[PDB]
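Counting starts at 1 for both ligands and their atoms, in listed order. Numbering starts at 1 and runs along the sequence shown.
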Amino acid sequence: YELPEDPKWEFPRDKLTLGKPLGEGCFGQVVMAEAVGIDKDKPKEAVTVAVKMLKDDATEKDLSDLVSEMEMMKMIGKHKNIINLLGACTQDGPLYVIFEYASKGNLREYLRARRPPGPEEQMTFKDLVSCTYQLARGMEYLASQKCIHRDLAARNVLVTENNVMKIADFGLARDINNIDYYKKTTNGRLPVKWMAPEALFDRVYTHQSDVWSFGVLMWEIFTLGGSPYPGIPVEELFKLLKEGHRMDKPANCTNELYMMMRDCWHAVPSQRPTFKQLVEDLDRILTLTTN
Ligand SMILES: */C=C/C(=O)Nc1ccc(/C=C/c2nc(Nc3cc(C)[nH]n3)cc(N3CCN(C)CC3)n2)cc1
């Protein structure tokens with residue numbers, strides 16, 4: 001029927017001017033927009049924002065996933081490495097969910113564009129470790145709010161004008177307690193190649209599962225946007241993972257950083273590092289690459 005009123009987050013429709021699509025596709029559409037007075041301390045300034053909305057062919061599930069995501073953003077609160085929810089238009093028209101605009105797009109594309117020949121300038125090692133640290137800080141914050149993301153991956157990280165990493169796409173994110181444990185139907189919409197064995201084999205999802213996906217994200221980063229498990233089709237992956245198969249070291253990556261990835265991929269979930277442990281180790285490594 002209708003969405004309950006949340007005045008704390010409501011933004012007036014007549015102050016929002018939708019602009020050009022940024023993408024379109026499967027779940028929903030994202031559109032640039034000018035929002036006048038969305039920073040309340042400056043009520044007459046128009047700020048460039050990004051608006052998520054439904055497409056024409058949207059389904060009931062599509063709508064409830066958009067609602068879901070907006071709800072989750074409100075609950076987790078604010079962090080420098082998480083995309084900022086600015087407001088929503090929930091009343092008397094299409095659901096618009098308003099986010100800060102990250103100028104440089106998703107990390108996967110940003111990284112591929114900066115591959116050495118054969119905005120364009122080759123990434124340095126220090127840059128790749130920084131990016132990694134930022135994302136580990138975001139995830140550390142997330143875990144501490146009892147939220148699992150479930151869909152960590154380069155395509156789901158946005159990059160601002162100042163090259164700040166923001167974890168985005170909270171469509172599938174859940175409170176740790178709000179998982180339907182052991183049920184056949186659970187975790188059926190997570191990209192197989194980023195997903196921990198136990199999310200499929202056992203139908204559970206813990207922070208230790210997000211750590212697995214972080215490992216895959218790290219490999220993505222150090223390959224400058226490579227596709228996980230090159231040339232292994234999704235249909236064969238799990239039998240391989242069960243057998244102990246793991247991706248090889250990227251070239252632009254130190255033995256130490258690769259050992260961290262392999263740690264994130266420990267078969268036993270409790271044997272993987274915590275996000276807190278990852279943050280500490282990445283700090284040490286970054287502080288030392290800088291000096
Ligand atoms: C299922 C396929 C599909 O729909 N893929 C898809 C979804 C969404 C997008 C949008 C990408 C995007 N987003 C931003 N910025 C942004 C989004 C949000 C919530 N906040 N900021 C920016 C960009 N670009 C800016 C840089 N350009 C060179 C490329 C696009 N893209 C795309 C595909």
Side-chain angles (χ1 to χ4, degrees), residues 9 11 16-26 28-35 38-39 46-59 61-90 94-115 119-121 123 131 134-135 138 142 147 149-173 188-195 217 220 224-225 227-228 234:
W9 291 102
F11 190 74
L16 184 72
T17 307
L18 310 174
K20 65 172 303 195
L22 287 161
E24 346 76 80
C26 9
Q29 190 196 350
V30 180
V31 176
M32 255 185 68
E34 300 301 306
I38 189 154
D39 174 9
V47 9
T48 304
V49 300
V51 184
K52 255 161 153 151
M53 48 176 83
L54 297 182
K55 340 111 307 289
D56 254 25
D57 58 5
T59 82
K61 196 80 208 167
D62 289 345
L63 170 65
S64 77
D65 284 348
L66 187 62
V67 166
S68 181
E69 162 157 27
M70 160 182 86
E71 280 326 286
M72 185 74 40
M73 299 309 204
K74 296 173 185 180
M75 146 180 142
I76 70 190
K78 223 158 136 214
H79 187 273
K80 71 173 89 174
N81 296 116
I82 295 175
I83 202 59
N84 200 21
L85 169 69
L86 286 184
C89 307
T90 71
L95 177 52
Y96 295 154
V97 195
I98 317 181
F99 291 91
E100 72 183 303
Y101 179 55
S103 47
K104 308 201 168 182
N106 81 42
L107 189 59
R108 190 169 150 275
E109 299 307 329
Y110 168 94
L111 279 178
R112 292 223 188 212
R114 286 168 183 66
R115 289 193 164 179
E120 111 189 53
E121 159 163 302
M123 294 281 279
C131 157
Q134 295 178 64
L135 290 169
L142 269 201
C147 159
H149 181 288
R150 291 207 303 159
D151 193 15
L152 206 39
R155 65 180 170 269
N156 284 342
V157 173
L158 291 159
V159 181
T160 73
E161 194 59 26
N162 296 329
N163 311 278
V164 184
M165 310 285 130
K166 316 283 189 176
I167 303 160
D169 290 304
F170 282 76
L172 293 157
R189 305 200 284 149
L190 310 183
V192 165
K193 280 191 177 193
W194 286 256
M195 155 177 78
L217 170 59
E220 282 194 288
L224 295 178
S227 322
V234 158

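For residues 154-168, every residue pair satisfying the salt bridge (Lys or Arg N to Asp or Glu O under 4.0 Å) rule, not counting sequence neighbours, is listed here: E100-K166, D151-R155.
Under 4.0 Å from ligand 1, the heavy atoms of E24 that appear belong solely to its backbone. By the criterion of a heavy-atom distance under 4.0 Å, neither the backbone nor the side chain of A168 is placed next to ligand 1. With a 4.0 Å heavy-atom cut-off, ligand 1 is reached by the backbone of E100 but not by any atom from C-beta on.
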Go through the steps for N84 and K78 under the test side-chain hydrogen bond (donor to acceptor under 3.5 Å, both in side chains), then give the verdict.
CA-CA 7 Å; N84 200 21; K78 223 158 136 214; 5.0 Å; no
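Taking distance alone, with nitrogen or oxygen atoms compared against 3.5 Å, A50 stays at or beyond that limit from ligand 1. Looking at ligand 1, you won't find any N or O of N106 less than 3.5 Å from one of its N or O atoms.
Residues satisfying the side chain to side chain donor-acceptor pair (under 3.5 Å) criterion with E109, sequence neighbours excluded, are absent altogether.
Taking CG of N106 as the start and CG of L158 as the end, the distance is 7.0 Å to the nearest 0.5 Å.
The heavy atom nearest to atom 25 (C) of ligand 1, considering only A113, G23, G25, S103, is found in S103.
The two residues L135 and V157 have their closest heavy-atom pair at CD2-CG1, 3.6 Å.
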